[PDB]
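Just so it is clear, none of the values below were taken in a lab; they were calculated from the coordinates. Positions of Cβ are backbone-derived with ideal geometry, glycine not excepted, and every protein chain shown enters the neighbour counts.
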Amino acid sequence: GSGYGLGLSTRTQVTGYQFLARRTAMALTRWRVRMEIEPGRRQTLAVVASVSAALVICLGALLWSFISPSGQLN
Amino acid sequence: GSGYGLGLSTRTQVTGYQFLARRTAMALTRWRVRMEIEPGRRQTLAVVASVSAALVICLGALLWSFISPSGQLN
Amino acid sequence: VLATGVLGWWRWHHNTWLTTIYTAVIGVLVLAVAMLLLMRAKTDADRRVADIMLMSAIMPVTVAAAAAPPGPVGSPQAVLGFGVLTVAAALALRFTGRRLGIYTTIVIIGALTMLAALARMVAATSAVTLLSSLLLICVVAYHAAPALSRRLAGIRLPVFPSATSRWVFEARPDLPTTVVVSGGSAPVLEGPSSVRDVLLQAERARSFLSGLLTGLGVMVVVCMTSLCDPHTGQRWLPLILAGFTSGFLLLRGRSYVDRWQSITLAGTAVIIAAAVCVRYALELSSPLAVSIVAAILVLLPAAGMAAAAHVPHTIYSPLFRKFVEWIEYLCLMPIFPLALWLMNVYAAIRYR
Amino acid sequence: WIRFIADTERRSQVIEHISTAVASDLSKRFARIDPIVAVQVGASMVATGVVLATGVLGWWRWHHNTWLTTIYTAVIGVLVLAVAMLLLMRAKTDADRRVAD
Amino acid sequence: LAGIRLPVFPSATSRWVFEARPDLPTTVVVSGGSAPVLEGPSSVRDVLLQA
Amino acid sequence: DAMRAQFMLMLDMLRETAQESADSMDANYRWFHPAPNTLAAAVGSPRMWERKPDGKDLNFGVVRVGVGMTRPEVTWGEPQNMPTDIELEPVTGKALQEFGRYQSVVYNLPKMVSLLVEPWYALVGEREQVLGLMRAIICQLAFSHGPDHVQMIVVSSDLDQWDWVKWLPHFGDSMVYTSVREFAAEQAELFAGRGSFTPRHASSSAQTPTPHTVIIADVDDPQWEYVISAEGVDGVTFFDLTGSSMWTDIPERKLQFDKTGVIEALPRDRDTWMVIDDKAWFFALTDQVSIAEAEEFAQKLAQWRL
């Protein structure tokens, strides 16, 4: 057949599928496909922003560690 | 429907409404709508400028307290 | 189930093999009856009967295994118990293909609990840390819920370059499938096999999602109400985290239009506040505390009823509708930065 | 009973694209949330809320003798009763009565 | 506070109908001059008191 | 993504337009050709003996045989400036292709056969399938057309199966035979007098004589060769219930029944009834009535006269 197996694929095919996943995902929760605005994108991006904020803060703490460590006694 | 409730809205709608508000606020104050110049915005930005200058001086003072700490009588 | 209860209470106070050994036969017996009922069952009423019995057999089987390890009850018993529970529920679901909801709920709490106890067993990690991590996994699971539910239901998305060929508009259409009924033996055809599955895949998809939301709901309330504590230092830190989490869930509901799906989200947000309020009154009991808790516990749901009655018949300008939307994103953003603070990770790194 | 039973024969309906097909079908076999149900939910939450408050207030009296428990509960009782009374006078339909009851 | 209502937006889900059936006019009365008179649509007459 | 989204949305509004036209056809075809079990109740209604032969009525001589696939009344215009095969975007490509495959046919519609198109119709399969469809065809003819327009004849040895025929008026005369030798003496003396078969159409219907003859063959007698080798006569139509080699030698007149009751035949045009392919393919799901059901229907019809 066609479409089965692990054949090659292209970058235009990768975005094409992600469009169908987002569109079908809202069809299960909102029962309409109009997609006037795309809230699924925003809600996911918000988590990515949150994680990034967590990563940024912990790197800052490591930078602090080299500027004034614990072993400087006496 | 007819617009009841908390449904989502787009950026084109947000400025669209805000423009209808400025034009009506002028009508109650000057009784004309020709609006060759729009003094309503101008008077508002001057306040925003005032708030911004005050906050910068607050941050400067807060930052100075960390650069060379001190204290006060109680 | 009541029998397994007293046997459990005994095992909770005595270190004898009685419960594991004596319960095993009890489970096997009910399971045997259930197997025959499933074979002999043909009508819908029988299936209801068969399902109830089968569901009852998993409980004794679960506690029996959990009670198998010797010595004081603890970390390893939990791993064994929730473990077989997870496999049993999943296994029952796969072959039964019925009661999708209730079985799915069991699978998730088991799986996450299995991963929780396993960590406590392999490493001396505190409950504080072990609970905060469960909170984060559940937060991201809500965003995954609509997608994860797509796979289990069997929806497939085709993408290929049109078979490396130009289109054929006059292609011979697919053959319609014929269907029959036991009494109404005269057959009738309804349509292409490819299209009928969608009408069935969709009904199945709705059930997996409803369960997945319920299972996650239980976990967030149990974890959150455990993190906040009235004696632990910096009392306000774990409490503020409970506030934003509640806000996020409460607003997220309006992405779901289904009746029971939406109420479970709203309900999940309200019950977390109520549950913390009770815990904060019993311990560290005092006149101000009980006076305060009693007020919050009655004003909060009251305002809710007020909002529910008036919002559907009033008009709001775009600048306000756009403002409530942004609260949701503002609520999600602080969860990760705070959870790590409560877990002392930043202090741990700053002092390496 | 002698009865007339109509013909059930009619055309079939097909939608090929998976997302549109899921949305169409899923909207005809289930019920969506509506304002009528929202109010009943609101009433149910307040009822559950007050029984929890009286519970904790009672738990204090079982260990303390002050008037606090009776004083605090009396005002809540009067307020809840006052609202219920006001609603019963305004109810027009059975839906409203379920809220009031 | 005076209740001035800015027009509600169509939310981008329907086309405009250029000429729907016109809105019904409203009647007014006076006791001494018992003969009633009519003057306009309800939506317009209110603004003159609203301002 | 915005362009893809808008393209999908525009495609669904066309779908609604197609579905609305589809509903009109369902209502229209059923209104002229109901299912056999419902005709009994309609006997008193004015819909009985309604059909006319006078050229404008295109449904004259048409009989419902079952349910199956049909081509809708829509006419699709091909897309302008079609991009070359290597230039097509993947998402919209399959969409326009599958749209074209499914929306080009509508499922579960009533299929029909016209007596004005063939000298005979060979029924091949098990006895129950063959007799069931014949009983259905007979009652459909009997409800829509009056005795001043249709007359029927049966030649069979298994008279216990054709007993119910007694009540219908269309089997009267100014009538069941045991063998061709018997049929040849009484009936063939009248019919052999003139003509040979000639396929007709609606406009031509105004010229053919009013009484059309339907003949049922259930004896397998080799003596039938005389009229069959002469390619019949106009105003007659034969149904072979036996499947004899002399009738079964033309695929264009052979209807094959599967184990599931599905009929296969060569495809024919909805507007011209002309054969469009030389390979047999799915045609319709068989509709059938029992002997008791047929006699019940005949008794209700037997109560009325001009």
(request) Between beta-carbons, use under 13 Å as the cut-off and find the net charge around C:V195, counting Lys and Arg +1, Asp and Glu -1. (result) -4
(message) Could you list F:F197, F:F239 so that the one with the fewest beta carbons within 10 Å of its beta carbon is first and the one with the most is last?
(response) F:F197, F:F239
(request) Give a residue-ordered list of calculated ³J(HN,Hα) values for the range D:27-40 (Karplus: 6.51 cos²θ - 1.76 cosθ + 1.60, θ = phi - 60°; whole Hz; x for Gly, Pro). (result) 7, 8, 9, 9, 10, 8, 5, 9, x, 4, 5, 4, 5, 4
(message) Taking beta carbons within 10 Å but only from partner chains, what does the mean come to for residues F:106-115?
(response) 3
(request) Would you mind pulling out the separation of the Cα centroids of the range F:28-95 and the range C:10-50, in Å? (result) 58
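For the protein assembly as shown, what is the mean residue ellipticity at 222 nm derived from helices alone (per DSSP H run of n ≥ 4: -39500 (n - 2.57); sum divided by total residues; nearest 500 deg cm²/dmol)? The partial results should precede the final answer.
Details: 31 runs with 523 residues, N = 958.
The per-residue figure over the protein assembly as shown is -18500 deg cm²/dmol.
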(request) Enumerate the calculated ³J(HN,Hα) couplings along the range F:265-279 in order (Karplus 6.51 cos²θ - 1.76 cosθ + 1.60, θ = phi - 60°), each rounded to whole Hz, writing x wherever the residue is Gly or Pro. (result) 7, 6, x, 10, 5, 4, 9, 10, 6, 6, 5, 9, 8, 8, 10
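Around F:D218, with a cut-off of 11 angstrom between Cβ atoms, what is the net charge of the other residues, counting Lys and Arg +1 and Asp and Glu -1?
Details: positive: F:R127; negative: F:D158, F:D220, F:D221, F:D240.
Result for the neighbourhood of F:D218: -3.
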(message) From the phi angles alone, apply the Karplus equation (6.51, -1.76, 1.60; θ = phi - 60°) to the range D:46-61 and give each ³J(HN,Hα) in whole Hz, x where the residue is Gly or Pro.
(response) 5, 4, 5, x, 5, 5, 6, 5, 4, x, 5, 5, x, 4, 6, 4
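For F:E118, B:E38, D:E9, what ranking results if the residue with the fewest other Cβ atoms within 10 Å of its Cβ goes first?
B:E38, D:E9, F:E118
Can you compute the charge dipole magnitude of the protein assembly as shown about its Cα centre, using +1 on each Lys and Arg Cβ and -1 on each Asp and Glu Cβ, nothing else charged? Give it in debye, rounded to the nearest 20.
Numbers: 83 positive and 74 negative charges, 1216 e Å.
So the dipole magnitude of the protein assembly as shown works out to roughly 5840 debye.
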(message) Report the Cα centroid-to-centroid distance between the range F:103-144 and chain A in angstrom, as an integer.
(response) 61
(message) As a quick test, which of the pairs F:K56/F:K111; F:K259/F:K279; F:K94/F:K254; F:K52/F:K166; F:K52/F:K300; F:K111/F:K259 have an alpha carbon distance above 30 angstrom in this structure?
(response) F:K94/F:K254
(request) Specify the inter-centroid distance of the range C:205-270 and the range D:30-101, based on alpha-carbon positions, in whole Å. (result) 24
(request) Please list B:7-16, C:163-172 highest first by mean number of surrounding beta-carbon atoms within 10 Å per residue. (result) B:7-16, C:163-172
(message) What is the sum of charges, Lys and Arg at +1 and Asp and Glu at -1, for the other residues whose Cβ falls under 11 Å from the Cβ of C:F208?
(response) +3
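What average count of beta carbons from other chains do you get within 10 Å of the Cβ of residues in C:173-183?
If you average over the peptide's residues, the count of other-chain Cβ atoms is 3.
How shielded is E:1-13 by partner chains, expressed as the average number of their Cβ atoms within 10 Å of its Cβ atoms?
On the way: counts 0, 1, 0, 4, 2, 7, 3, 8, 10, 3, 10, 6, 3.
Rounded to a whole number, the mean comes out at 4.
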(request) Name the long-range amide H neighbours of F:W120: under 5 Å, sequence gap of 5 or more, or other chain; modelled H, no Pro or chain starts. (result) F:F238
